[PDB]
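What follows is a single chain, given as structure tokens, in the form deposited in one PDB entry.
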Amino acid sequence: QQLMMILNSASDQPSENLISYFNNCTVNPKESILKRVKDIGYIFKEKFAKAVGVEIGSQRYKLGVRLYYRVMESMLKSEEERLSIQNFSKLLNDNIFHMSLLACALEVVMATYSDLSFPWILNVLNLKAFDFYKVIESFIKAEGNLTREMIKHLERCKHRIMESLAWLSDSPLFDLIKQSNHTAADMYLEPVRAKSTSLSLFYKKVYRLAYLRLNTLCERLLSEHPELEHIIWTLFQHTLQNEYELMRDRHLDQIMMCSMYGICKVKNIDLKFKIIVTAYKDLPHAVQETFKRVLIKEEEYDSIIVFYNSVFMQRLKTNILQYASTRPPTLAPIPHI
């Protein structure tokens, strides 16, 4: 609420201190920013009215712009001490950065006055999910006045990217994988020419997420053999690392479910899919469609079992059978607290 009243009384264009920073740039970007704001405003108002039968669409967008500008300033204030004069100015003239900061401010506004739910704004601004991921944490950390529910929303936005949206085809994440600290500005200053801080942070966070979800379902379902959780994590984590094609257009929680059934299957452990798959519904934001509609190949979808036997097993039979031999694979590290 407080932030929402700083914005209503605030201004639709940059503070003077924010312009101080524009005056610290070699290529004064301010011209480019104002143009970006207006051209985006045009596309935003269209797609806005296009879905809800302007007046509201214009006012949503201006609050975002006030939030966009407030956070940029705060963000630039940390980045003074971190970036060279050259990197500072490259940031302020970087399209994908500014697109992502504004898209994140706008999502805040949209979801406060809340389907139009995320990722609508990323389809509005044609902004790749993986690009947007780079801004979220630094955004939360640059706006001390986000409410709890709202932080929860950005984090939910963040987690859906980690679990699916970054794994969509044509998503740049796959281009970054093939070639194989951590502020939003660091990740946007990455070039598009051939190690990626962006990929390293994403995979690191994904592993902590993916494991914590594994841990929950393993304690409920594998308390009879607490020995299986670390083995299942090994299959899961090996799969995310070296068989990353399996995640393409699929869901992190789908790979988690196959791994637990797979490991229990080669351990001759009686734990059927539906026994765990019913337990997955009891995860916080879980959906039934996650195990009811699973991609096989060329746009053909089916249950998770059809995915298990017809795609998952076909691709991992060589790895999975090592876990029951006299020379099982070495166990993968647990992601750090």
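The numbering used is simple: start at 1 and walk along the sequence shown.
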Quiz prompt | Residues with no coordinates between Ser223 and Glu224, taken from the deposited sequence as a class | solution = none
Quiz item: Which fits the stretch between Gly53 and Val54: none, 1 to 3, 4 to 9, or 10 or more deposited residues lacking coordinates?
Solution: 1 to 3
Practice problem: Compare the mean C-alpha B-factor of 212-220 with that of 182-190 as given in the PDB entry, and name the stretch with the higher value. | Solution: 212-220
Quiz item: Which wins on mean Cα temperature factor, 153-161 or 263-271?
Solution: 263-271
Practice problem: Using the entry's values, work out which of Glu81, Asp115, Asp131, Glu137 has the largest Cα B factor. | Solution: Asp115
Practice problem: Pull the Cα B-factor of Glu243 out of the PDB entry and bin it into the chain's lowest, middle or highest third. | Solution: middle
Practice problem: Name the third of the chain's ranked CA B-factors that contains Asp175, choosing lowest, middle or highest. | Solution: lowest
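Unshown form solved in complex with a partner chain; subsequent notes refer to it.
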Practice problem: Just one of 104-112, 144-152, 224-232, 90-98 has residues with a heavy atom within 4.5 Å of the partner chain in the bound PDB entry, so point it out. | Solution: 90-98
Practice problem: With the partner chain left out of view, choose which of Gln237, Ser164, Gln254, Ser138 has a non-hydrogen atom within 4.5 angstroms of it in the bound PDB entry. | Solution: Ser138
Quiz item: Between the options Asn215, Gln241, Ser117, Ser196, which residue brings a heavy atom to within 4.5 Å of the partner chain in the bound PDB entry?
Solution: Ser196
Quiz item: Hey, in the bound PDB entry, does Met75 get a heavy atom within 4.5 angstroms of the partner chain?
Solution: yes
Quiz item: At the 4.5 Å heavy atom threshold, is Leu209 in contact with the partner chain in the bound PDB entry?
Solution: no
Exercise. Would you please decide whether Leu246 lies within 4.5 angstroms of the partner chain in the bound PDB entry, comparing each non-hydrogen atom pair?
Key: no
Quiz item: Taking the shortest heavy atom distance, is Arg82 within 4.5 Å of the partner chain in the bound PDB entry?
Solution: yes
